[PDB]
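S.K.: Submitted below is the structure of interest, expressed as structure tokens.
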Ligand SMILES: OCc1ccccc1N1CCOCC1
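Numbering (the authors' numbering), first residue to last: 1 to 284.
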């Protein structure tokens, strides 16, 4: 069923809450035993948001390999994403270790450091060229190379140096800065523009490790980003773009990380973004 018609039918009936609860009821439940070990309590931002054991990212160290991060592998679309929480004061070094080990080219940030008067994630990147950051626990150095501030997002160029081998790589930081403190954006236009800027960079392409995506918990805004990208790619690949079922794509992604899309309003916004984005994908 053409999703644009499914959309108007849900909106006219006002059943968004009912569709959303059906997804929550059918979603996968897999063990998260490593996340719940007592040694890992200060590595989790939220007690109710954990990576599944089967899909968690492992840090390459014998001490403790744990980070709150999952690999979302979309077989038909041929795209992979790492979804992670906003880093904590004691996990900023683990975060950059993961970027290094997984060979990622891009980091996508969908939140502000402070929202609603509270801290949603650590200040994990340098704000001035001449004041670099050293992570002594993981032996990495991070330098700000350049910054491009636009109305809806900021793009930064950073140098990550493995202090053990003196190898260096260029990481691009894509920072969406205008998601509102409450609700979802009224139009998906600036979110779609942002997505196409990340695509243009090469950050989502198979020649690099998976993109790292985060918000505060790494399930809500983060879920919206990967769901929209995968649905638009499937609409370009298939003989019938009308066959793409956004609810079925979301349940596939929920096999790899719990809780993706946190509200009925985020589900409606995801539909709006895919419907409006398709009017480029189909030749405009
Ligand atoms: O590509 C140039 C560059 C721009 C910005 C930040 C880092 C880098 N590099 C990556 C490869 O060479 C070593 C540092």
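Quick reminder that beta carbons are idealized off the backbone N, C-alpha and C, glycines included.
1. Quick one: residues in its chain with C-beta nearer than 7 Å to the C-beta of residue 250, no 5 flanking neighbours on either side, listed in chain order?
2. How long is the line joining the alpha carbons of residue 49 and residue 215, rounded to whole angstroms?
3. To the nearest angstrom, how far is the alpha carbon of residue 52 from that of residue 231?
4. Taking just the CA atoms, how far does residue 272 sit from residue 279?
5. How far does the alpha helix (DSSP H) with residue 93 in it extend, from its first residue to its last?
6. Between residue 158 and ligand 1, is the CB less than 7 Å from at least one heavy atom?
7. Please find out if some non-hydrogen atom of ligand 1 comes closer than 7 Å to the beta-carbon of residue 62.
8. Any chance the stretch 119-137 sits against the stretch 200-211, with 3 or more Cβ pairs inside 8 Å?
9. In three-state terms, what does DSSP make of residue 174?
10. May I ask you to report which of helix, strand or coil DSSP gives residue 106?
11. Determine the DSSP secondary structure at residue 164, reduced to helix, strand or coil.
12. Would you check if the distance between the CB atom of residue 70 and the CB atom of residue 209 is smaller than 8 Å?
13. By Cβ distance below 8 Å, which residues in the same chain neighbour residue 93 in space, the five residues on each side in sequence not counted?
14. Give the DSSP bridge partners of residue 72, in chain order.
15. Would you tell me roughly how many angstroms separate the C-alpha atoms of residue 252 and residue 211, rounded to the nearest one?
16. Can you grab the Cα-Cα spacing for the pair residue 241 / residue 6, in whole Å?
17. Can residue 169 be considered in contact with ligand 1, in the sense that its beta carbon sits closer than 7 Å to one or more heavy atoms?
M.R.: By the coordinates alone:
1. Residue mapping note: residue 250 aligns to position 250 of the chain shown, counting from 1. Same-chain partners within the cutoff: 23, 227, 260, 261.
2. Counting from 1 along the chain shown, the entry for residue 49 is found at position 49. Counting from 1 along the chain shown, the entry for residue 215 is found at position 215. Straight-line Cα distance between these residues: approximately 13 Å.
3. Taking the first residue of the chain shown as 1, we reach residue 52 at position 52. Taking the first residue of the chain shown as 1, we reach residue 231 at position 231. So the two alpha carbons sit approximately 23 Å from each other.
4. As a first step, residue 279 must be located in the chain shown, where it is residue number 279. As a first step, residue 272 must be located in the chain shown, where it is residue number 272. Whole-angstrom Cα-Cα distance: 11 Å.
5. Mapped onto the chain shown, residue 93 falls at position 93. Counting along the chain, the alpha helix (DSSP H) containing residue 93 begins and ends at 92-102.
6. One-based indexing of the chain shown puts residue 158 at position 158. The answer is yes for residue 158.
7. Stepping through the chain shown from its first residue, residue 62 is reached at position 62. No.
8. no
9. Numbered from 1 along the chain shown, position 174 holds the residue referred to as residue 174. The answer is strand: DSSP assigns residue 174 an E or B state.
10. Locating residue 106 in the chain shown gives position 106, where the first residue counts as 1. Residue 106 falls in the strand class under three-state DSSP.
11. As a first step, residue 164 must be located in the chain shown, where it is residue number 164. Residue 164: coil per DSSP, three-state reduction.
12. Stepping through the chain shown from its first residue, residue 70 is reached at position 70. Stepping through the chain shown from its first residue, residue 209 is reached at position 209. No, the pair does not count as a contact, with Cβ atoms beyond the cut-off.
13. Along the chain shown, one-based indexing puts residue 93 at 93. Cβ neighbours of residue 93 beyond the five flanking positions: 135, 136, 137, 138, 140.
14. Along the chain shown, one-based indexing puts residue 72 at 72. Answer by DSSP bridge pairing, in chain order: 81.
15. For the purposes of this step, residue 252 is taken as residue 252 along the chain shown, with counting starting at 1. For the purposes of this step, residue 211 is taken as residue 211 along the chain shown, with counting starting at 1. Distance between the alpha carbons of residue 252 and residue 211 is about 19 Å.
16. Your numbering for residue 241 matches position 241 in the chain shown. Your numbering for residue 6 matches position 6 in the chain shown. Answer to the nearest angstrom: the Cα atoms are 14 Å apart.
17. Residue 169 sits at position 169 when you count from the first residue of the chain shown. Residue 169: yes, Cβ under 7 Å from ligand 1.
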